[PDB]
């Protein structure tokens, strides 16, 4: 089991770490069908999604996907600093796999 987000991110293909060290600039969420997703942006312009659940996801991920959207909403509303994101870079917007908050 990994020790931190960077090492966790390295356990997967098609990923990279971004170091934001910043609060979320905007939070978007949709209930429209086939676009049940969240999008966040940061002041540096970067855009990220929580993907719509799909055939690529295994069942254990479904609750985690819901949790992540909960996290991002409350992080946005609390202006919590996001340290790093681990994202899949084979999707546009890049798709969030993990988040770290600190400081």
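Positions refer to the first chain, counted from 1.
- As recorded in the PDB entry, 28-36 is the stretch of 64-72 and 28-36 with the greater mean C-alpha temperature factor.
- Mean CA temperature factor is higher for 18-26 when stretches 18-26 and 88-96 are set side by side in the entry.
- Annotation for residue 78: CA B-factor lies in the highest third of the chain's modelled residues.
- Residue 44 sits in the highest third of its chain by CA B factor, as recorded in the PDB entry.
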